[PDB]
Amino acid sequence: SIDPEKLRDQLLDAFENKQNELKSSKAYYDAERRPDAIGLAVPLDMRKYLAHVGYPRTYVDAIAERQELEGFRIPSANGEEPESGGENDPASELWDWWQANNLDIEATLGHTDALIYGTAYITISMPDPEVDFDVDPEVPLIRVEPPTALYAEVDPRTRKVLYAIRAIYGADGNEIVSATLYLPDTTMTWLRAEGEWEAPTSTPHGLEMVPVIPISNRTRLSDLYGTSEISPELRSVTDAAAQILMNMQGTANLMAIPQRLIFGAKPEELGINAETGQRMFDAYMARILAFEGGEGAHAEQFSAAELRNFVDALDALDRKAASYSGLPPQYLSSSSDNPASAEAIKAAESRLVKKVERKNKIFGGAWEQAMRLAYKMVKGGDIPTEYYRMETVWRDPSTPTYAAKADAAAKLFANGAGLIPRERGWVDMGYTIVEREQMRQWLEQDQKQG
Amino acid sequence: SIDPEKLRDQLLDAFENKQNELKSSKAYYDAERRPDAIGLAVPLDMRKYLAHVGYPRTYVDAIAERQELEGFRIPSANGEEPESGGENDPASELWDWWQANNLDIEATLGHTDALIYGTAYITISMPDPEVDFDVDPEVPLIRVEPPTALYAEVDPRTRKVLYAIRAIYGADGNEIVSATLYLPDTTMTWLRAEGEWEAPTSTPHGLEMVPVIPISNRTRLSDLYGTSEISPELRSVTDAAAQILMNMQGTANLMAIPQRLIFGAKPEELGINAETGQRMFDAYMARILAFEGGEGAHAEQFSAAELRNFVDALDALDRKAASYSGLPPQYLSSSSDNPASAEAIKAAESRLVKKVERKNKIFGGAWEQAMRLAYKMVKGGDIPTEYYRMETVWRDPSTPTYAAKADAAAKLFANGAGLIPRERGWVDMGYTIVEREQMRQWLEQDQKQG
Amino acid sequence: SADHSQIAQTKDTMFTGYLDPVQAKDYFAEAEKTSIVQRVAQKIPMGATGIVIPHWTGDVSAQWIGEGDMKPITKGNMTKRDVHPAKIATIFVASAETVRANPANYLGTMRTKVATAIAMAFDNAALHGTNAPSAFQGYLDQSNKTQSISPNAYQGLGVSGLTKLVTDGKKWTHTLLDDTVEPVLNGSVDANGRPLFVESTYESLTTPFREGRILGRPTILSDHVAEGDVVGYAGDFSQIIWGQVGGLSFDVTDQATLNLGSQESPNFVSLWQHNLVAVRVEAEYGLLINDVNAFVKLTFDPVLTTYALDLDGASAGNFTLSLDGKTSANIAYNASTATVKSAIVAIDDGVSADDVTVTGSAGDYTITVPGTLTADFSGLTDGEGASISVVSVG
Amino acid sequence: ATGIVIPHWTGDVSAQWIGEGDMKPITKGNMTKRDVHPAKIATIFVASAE
Amino acid sequence: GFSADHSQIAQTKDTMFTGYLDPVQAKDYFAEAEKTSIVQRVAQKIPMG
Amino acid sequence: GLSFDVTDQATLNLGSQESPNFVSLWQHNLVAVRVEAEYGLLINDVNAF
């Protein structure tokens, strides 16, 4: 057995312990001050003028900004046809809870934390009308929680969650205003948690499993707890580039102007006053300085530093930021000349597109799981066997080109005499799993006219 | 219970304190003076010649110009009645209030402030009959209020407002002229100025919750409160470029011209006036100057400073400004490229379009919440549960390729024999809800005529 | 800026630089302290003006009478006392770069530490009276009664202590103990050497330390109620009322000017000139104890009590002194100092010249005795301000 | 293998009661840090190939 | 601090504001109950004329 | 127009230039209101009255 007060202690230690592992990866995405970014040539008084670099934000956004769930594809036990039953079909039951929880907004935020911190947690519950849950009360209340507010213990034998704590800091002091413990058997919440002098509220649940699921950015099969998408190579080039910018920023102040010198001067004859150390020249353009000179007196310059020397080194790091991230090179401006054609679009987008299709497969594995728990909770009983085989379905990550696909799909369908049936032509043009239902109604209405 | 006079005296201190966050962001979008923007190399007497940089205003406007709402979609209880698009339907019932408040004007402003400061507040009431107005007295009077005039305390446990204050300064920012406190079950306003408050006007409103909804700009679930788009990389490149511009400018006043010296000439032989330290002479073309060569005297000169040694560093920071903001490079670096083709536009615009399309989700999640609350206020009673599935519908952020779209949509429809019903043909051409409702009547007149 | 200046926070010896090996917890952080008084006294709604508590004081009365024997007249009478708030406040100051970096969350850490320091100041100002403001009326340690508990807590609290509390017409409602009391509740055995307060196999925690009851009264536990010889209290905690006019304000500036010196030797620093940032913190509290003799102070065994006697300069007649309700003769307002010691040991009780002590002169005596001491001014012609009080630790 | 460092709080942060319009006091926090390094335990055993 | 009627700074303690800022009346939080008879409880109540 | 600044940030003297007795508004709890206006006047011919 186990002690719930002792878990309330033990989990808050593990949750606090975790925060410094996240803290570094946050600093790259926020572009906060980091010691390694500082340009070593810059004088200590100028070293205040930092030079932040945007590659990590650019890379993580250019993935998370390009995935959206369309829906789910639970197969029927007999006579399989997702076009047939509409609001009666189980694929629509799942989609209603996706709309009603606003998951089409909160998932596109949670996926960003799952990439930055390597994991984020889906949480399942039933709403309580003694609390201000302004939602449909017959819908399971599904939330996503960032790892800056939740920790879950994972069994390394099975990848099952053993137990988890969600913790809420107040406005201030990192005071833990509230903590919630999820167990295989029950959920518990302590309502003023800064030393937990409140008594536990509690709620049992029917599930044999903890009602929390980790989304996690797996890079490898060995990668069992997930990892930050901001890879060591992308960090290394981000910090390396920051030093070049900061050294150039000093150079543009200290060295870009050639320093002028005169040797063999007698300061008394130049009229350089001793107590101020300065003679007041006039800088108007046409004038000639006549110097009394003699005794080998002559004038000479230190050169400027040539800023080209730094700029031609930044351009190599603009290229390696592309190489290590797989972005289209024009997203980093590593070259400016556009891809001119619907084909050259696909060539440039190729690496990014296959990287997003890869994330969609893995993040699909979290929602394909969590919807089983949501169903098994709200409908009770046991999972209908087909649900174990459901696919998530995601929008095509490719940049949408319409006029190229239009002439393709038209020539395929050939006014109904063609190679594919109508509903496939609608998938290939890219209309969504719900929009194809809006059309399948309008099509029947147009067929009453001609 | 809790005292409202305590709360307005407390929440005014929180609202006034908060301004010390916002003043830092305002300084970038307004292009006001920063110390970090000052180029060090210009002499102290020249430091008055500031030179500001437009990147923050250009990035924020390039998003805020493109966000436009077409309308709302609500599922009609379509498991019994899909028929929709006409009089008395809920999508029109909400779109009526949207136009009657001119939120199609003020939301563009509200979205701008949500990007500049990181948050803005939608505020809801019935109109006062006591005050003469330009308003329809049956419509819920919905307004957007900026974070320089409203502050709302949010529960980090539930993401929900506890209470809020809307407080207005005089023509001088030096005193408050009125403040309104919103509580979950009532509203009150102290109408006279801060030095002379009188007894408040007040009303209940029957709602469960405070009639203030925060629009907030977010990148993560870990952003428990919204954050500016003028991110510290874009601040750094803005301030870095300001120094390069200012050092270039000072160089063009002092160093862009050669400096001319003569060594060894005796001032009394040159005829220098001892009272004034100089001799003037007629400087016209080809007049050969001649000197007696005492001390072996001769000329020499300091070179100019080459201004290109700064300009080919400004042409690096323009590429960083493009790269970190995700604008088309053509908005920054003139003749870095110019697109010849429809797909070349879809390349260049890709990052900007996809970022706007994501902000449309996050702000849509405020407006769908505000309209549902305004319905509960004006209709009374309770929400018909389909309204929890309400979707905002937004314009496509792309520049309209109308010739390419028209040639494609025709090849799809094929004079009615083709792959799609007429109505999706109209949606693919991008006609708004109201403009499609016009066409649905004009189509009937044309079919009547034959 | 001067690095490691005593007022200003700035990047100095206090920070390691935030290298990966820095542990996410101080694994030996003790949990933060909290007010006791704010969880045992009545919280009363209160405003900046302060409040007035009214009270009844009439000898309303009626008399037996015969047939036709004409009836007597009587009176009600009424009185009031006012109560006022006092501010507690502080400022902390940091370099703008320190506010920017917020190293180790120092700014958040400070904002909790000041709130705790303020909560602890309110406890000690009410319990022990240490550095208490002028506006607070009474503090618990000012009580005229003490009981020692250390050989057997049951005989201590439930019997001996209760006797000296109920005899004044006061009553026992709660008891409040320091965590250092644990090893005198543990043990406290019966004659056969079994403990009281715990069950027959001694696995359970001790009943009062569960926040359980003693003879029907609840037990309140604290890690910080002890000071000097005192380890706890028992009494009528309904006799305490307290108020708070507003929560802890926090107010923040780079723009203001401070003084780093004292008032008469000032060193003005413009926060803007040095680019420092300052945070103001303040709260208003009020407190009243209806009378301080409603509580018996709890100690270990051999405790001895000091009292200060103050006739307010009165100039003819006599006072008299009492221990445990036994009463001495009249004593002259100017009696020579050894007379007071002689008049105390002349009580019909086991007090003697080796235990009892006195110091001072005419009308300013300090008295030390092994018990409850009280004074009567009824024999004094002009004793119109005459008084007695209990002396602190030092 | 680089070891760890553990911070600890040490500041005596405090506040004073004040009258109306009195000079507020000023106060500062304090901390310390401690370092920990690991060490190795080892042994060898040897056998004939048979 | 400052003098009670300081010439430069206005304060709540200043004579000028007397009769404003009057402390608010409150319930007697220390009121003890009206003590009821014990004799009328223990003794048997006969009818009497 | 007649201008009012409200502040508690500044320092004030509370005596003359040679005995200034400076006080912080912010470290004490003084709020100060500063009042300023600017006027100019010309009479073209003071003998015309």
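Heads up, the Cβs are rebuilt from the backbone with ideal geometry, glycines too, and the neighbour counts pull from every protein chain shown. Readers should treat all values here as calculations from the given coordinates under stated rules, not as data from a laboratory.
So which residues in the stretch B:269-280 are surrounded by 10 or more Cβ atoms within 10 Å (Cβ to Cβ) and within 12 Å of another protein chain (Cβ to nearest Cβ)?
Residues satisfying the conditions are B:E269, B:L270, B:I272, B:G277, B:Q278, B:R279.
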Next on the checklist: Looking at the stretch A:392-409 only, could you name the residues that are within 14 Å of another protein chain (Cβ to nearest Cβ) and either of a type in the set (D, E) or not in a helix (DSSP H, G or I) (or both)?
Outcome noted: A:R395, A:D396, A:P397, A:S398, A:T399, A:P400, A:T401, A:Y402, A:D407
Checklist entry - Any idea which residue in the stretch A:410-436 is surrounded by the most Cβ atoms within 10 Å (Cβ to Cβ), counting only those that are at positive phi and assigned to a helix (DSSP H, G or I)? => result A:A414
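Can you spot a residue in the stretch B:338-348 that is buried (at least 22 other Cβ atoms within 10 Å of the Cβ) and within 30 Å of B:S125 (Cβ to Cβ)?
no
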Next on the checklist: Conditions first: (1) assigned to a loop (DSSP other than H, G, I, E, B); (2) out of contact with any strand residue (DSSP E or B) (no Cβ under 9 Å at 6 or more places or on another chain); (3) more than 9 Å from every other protein chain (Cβ to nearest Cβ). A:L115 passes all but one, so which condition is the exception?
Outcome noted: (1)
Checklist entry - Within the bounds of the stretch A:29-52, is there any residue that is of a type outside the set (A, V, I, L, M, F, W, C), closer than 30 Å to A:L254 by Cβ and buried (at least 22 other Cβ atoms within 10 Å of the Cβ)? => result yes
Checklist entry - Out of curiosity, is A:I74 over 30 Å from C:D26 (Cβ atoms), more than 11 Å from chain B (Cβ to nearest Cβ), among the aliphatic types (A, V, I, L, M) and under 30 Å from the mean Cα position of the chain (by Cα)? => result yes
Checklist entry - Out of all the residues in the stretch C:121-139, is one or more within 30 Å of C:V269 (Cα to Cα) and in a helix (DSSP H, G or I)? => result yes
Item to check | Filter pass, C:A343 being of a type in the set (A, V, I, L, M, F, W, C), free of Cβ contacts under 8 Å to residues at least 40 places away in the same chain and outside any loop (DSSP other than H, G, I, E, B) | outcome: yes
Item to check | Exclusive hit being out of contact with any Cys (no Cβ under 6 Å at 6 or more places or on another chain) and farther than 22 Å from D:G29 by Cα, set C:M110, C:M78 | outcome: C:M78
Checklist entry - What number of residues within chain E are part of a loop (DSSP other than H, G, I, E, B), surrounded by fewer than 10 Cβ atoms within 10 Å (Cβ to Cβ) and more than 19 Å from the chain's Cα centre (by Cα)? => result 13
Next on the checklist: Quick check on my filter: what residues within the stretch C:98-123 are crowded, with 19+ Cβ neighbours inside 10 Å, polar (S, T, N, Q) and more than 10 Å from every other protein chain (Cβ to nearest Cβ)?
Outcome noted: C:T98
Item to check | Cross-chain or 6+ apart pairs with Cβ under 7 Å, the stretch A:9-26 first and within 7 Å of chain C (Cβ to nearest Cβ), then surrounded by 14 or more Cβ atoms within 10 Å (Cβ to Cβ) and of a type in the set (A, V, I, L, M) | outcome: A:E16/C:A24; A:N17/C:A24; A:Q19/C:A24; A:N20/C:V22; A:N20/C:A24
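One line per residue, one yes/no per condition, for (1) touching a helix residue (DSSP H, G or I) at 6+ places or on another chain (Cβ under 9 Å); (2) touching a residue at least 24 places away in the same chain (Cβ under 8 Å):
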site: A:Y225; (1), (2): no, yes
site: A:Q243; (1), (2): yes, yes
site: A:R279; (1), (2): yes, no
site: A:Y284; (1), (2): no, no
Checklist entry - What do you reckon, is A:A64 within 13 Å of chain B (Cβ to nearest Cβ), of a type in the set (A, V, I, L, M, F, W, C) and without any contact (Cβ under 8 Å) to a residue 60 or more places away in the chain? => result yes
Checklist entry - Given (1) of a type in the set (D, E); (2) more than 9 Å from every other protein chain (Cβ to nearest Cβ); (3) within 30 Å of A:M371 (Cβ to Cβ); (4) surrounded by fewer than 16 Cβ atoms within 10 Å (Cβ to Cβ), where does A:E87 come up short, assuming only one miss? => result (2)
Checklist entry - Within the stretch B:314-335, is even one residue part of a loop (DSSP other than H, G, I, E, B), out of contact with any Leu (no Cβ under 7 Å at 6 or more places or on another chain) and either touching a residue at least 12 places away in the same chain (Cβ under 8 Å) or among the charged types (D, E, K, R) (or both)? => result yes
Checklist outcome for this item: The residue that is farthest from the other protein chains (Cβ to nearest Cβ), considering only those in the stretch C:236-267 that are touching a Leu at 6+ places or on another chain (Cβ under 7 Å) and in a strand (DSSP E or B), is C:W242
Checklist outcome for this item: Here the residues within the stretch A:140-178 that are over 23 Å from A:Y225 (Cα atoms) and more than 8 Å from every other protein chain (Cβ to nearest Cβ) are A:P140, A:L141, A:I176
Next on the checklist: What are the pairs with Cβ atoms under 7 angstrom where one residue, in the stretch C:85-102, is closer than 28 Å to E:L21 by Cα and the other, located anywhere, is assigned to a helix (DSSP H, G or I) and not hydroxyl-bearing (S, T, Y)? Sequence gap at least six, or different chains.
Outcome noted: C:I88/C:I118; C:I88/C:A121; C:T90/C:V114
Next on the checklist: Can you find, within the stretch A:335-391, the residue that is nearest to the other protein chains (Cβ to nearest Cβ) among those that are farther than 24 Å from A:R319 by Cα and touching a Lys or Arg at 6+ places or on another chain (Cβ under 8 Å)?
Outcome noted: A:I362
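Out of C:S265, C:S270, report the one residue that is surrounded by 16 or more Cβ atoms within 10 Å (Cβ to Cβ) and more than 28 Å from C:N124 (Cα to Cα).
Numbers: C:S265 fails: surrounded by 16 or more Cβ atoms within 10 Å (Cβ to Cβ).
Criteria check complete, one pass: C:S270.
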Next on the checklist: Looking for something crowded, with 18+ Cβ neighbours inside 10 Å, of a type in the set (A, V, I, L, M, F, W, C), touching a strand residue (DSSP E or B) at 6+ places or on another chain (Cβ under 7 Å) and farther than 23 Å from B:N88 by Cα - is there at least one such residue anywhere in the stretch B:358-372?
Outcome noted: yes
Checklist entry - Going by the conditions given, is A:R66 buried (at least 18 other Cβ atoms within 10 Å of the Cβ) and over 30 Å from A:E175 (Cα atoms)? => result yes
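Based on what the data block shows, is C:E203 more than 14 Å from chain F (Cβ to nearest Cβ), touching a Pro at 6+ places or on another chain (Cβ under 8 Å) and free of Cβ contacts under 8 Å to residues at least 12 places away in the same chain? Explain how you work it out, then say what you get.
Details: more than 14 Å from chain F (Cβ to nearest Cβ): yes; touching a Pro at 6+ places or on another chain (Cβ under 8 Å): no; free of Cβ contacts under 8 Å to residues at least 12 places away in the same chain: yes.
Considered against the rule, which asks whether it is more than 14 Å from chain F (Cβ to nearest Cβ), touching a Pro at 6+ places or on another chain (Cβ under 8 Å) and free of Cβ contacts under 8 Å to residues at least 12 places away in the same chain, C:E203 comes out as no.
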Item to check | Residue that is farthest from the other protein chains (Cβ to nearest Cβ) [pool: residues in the stretch F:12-41 that are outside any strand (DSSP E or B) and in contact with an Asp or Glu (Cβ under 6 Å, 6 or more places away or on another chain)] | outcome: F:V31
